[PDB]
Amino acid sequence: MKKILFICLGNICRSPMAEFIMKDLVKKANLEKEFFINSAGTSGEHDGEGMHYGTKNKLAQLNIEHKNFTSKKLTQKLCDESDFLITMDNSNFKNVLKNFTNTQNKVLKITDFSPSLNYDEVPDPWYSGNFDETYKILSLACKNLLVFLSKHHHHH
Numbered sequence: 027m028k029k030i031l032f033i034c035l036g037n038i039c040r041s042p043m044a045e046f047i048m049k050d051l052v053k054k055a056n057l058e059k060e061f062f063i064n065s066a067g068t069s070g071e072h073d074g075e076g077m078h079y080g081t082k083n084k085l086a087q088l089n090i091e092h093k094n095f096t097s098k099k100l101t102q103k104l105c106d107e108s109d110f111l112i113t114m115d116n117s118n119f120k121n122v123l124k125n126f127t128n129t130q131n132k133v134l135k136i137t138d139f140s141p142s143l144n145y146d147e148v149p150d151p152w153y154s155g156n157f158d159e160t161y162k163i164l165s166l167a168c169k170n171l172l173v174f175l176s177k178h179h180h181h182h
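Heads up: take any position in the sequence shown, counting from 1, add 26, and you land on the working numbering.
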């Protein structure tokens with residue numbers, strides 16, 4: 027029963043796109059062993075729509091406009107379910123830290139993975155200034171994230 031909880035500030039850009047990407051590849055070595063994944067925002071204020079200039083445009087190029095419309099809101103009860111927690115957002119990290127108990131130690135940051143990415147909170151031109159930005163960020167982040175998420179540690 028392995029559960030991965032992904033947290034996205036807006037959850038209306040990098041959350042939906044990556045949601046489809048991960049869900050696709052996981053079928054290889056995750057859906058087989060019956061794995062579960064969930065993406066939610068910080069306060070679920072709006073995090074759930076799934077639409078942004080950078081991400082949508084990127085998907086329009088070849089991918090799908092969107093297919094993860096689900097208003098989510100990462101909370102304590104939800105976090106208690108997932109075995110692993112991920113932020114990726116620079117600010118969401120500090121916030122989620124003091125927002126939750128000492129169990130935040132199960133959270134991961136993309137700042138440790140991403141090398142010359144040095145991205146802010148979610149790609150797209152509204153946060154960076156380019157649509158292709160979503161390409162480099164999501165593709166790279168999801169890739170490395172998939173590696174560690176695909177059991178790249180030691181069990182016990």
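Note that the Cβ used here is the ideal one computed from N, Cα and C, for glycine as well.
Within the same chain, Cβ atoms closer than 7 Å to the Cβ of residue 122 are found at 33, 68, 113, 130 and 133, the five residues on either side in sequence being excluded.
Distance from the CA of residue 157 to the CA of residue 53, rounded to the nearest whole angstrom, comes to 28 Å. DSSP, read as helix, strand or coil, puts residue 163 in helix. Between the alpha carbons of residue 152 and residue 182 lies a gap of roughly 43 Å. At a cut-off of 3 residues, the continuous stretches assigned as beta strand (DSSP E) that sit fully inside the region 104 to 160 are 110 to 112. With contact defined as three or more Cβ pairs closer than 8 Å, the region 88 to 100 and the region 54 to 62 are not in contact. For residue 28, no alpha helix (DSSP H) encloses it, and the DSSP letter there is neither H nor E. Residue 28 is not a Cβ neighbour of residue 106, given a cutoff of 9 Å. For the 9 Å CB-CB criterion, residue 136 and residue 171 form a contact. Here DSSP, grouped into helix, strand and coil, assigns residue 74 to coil.
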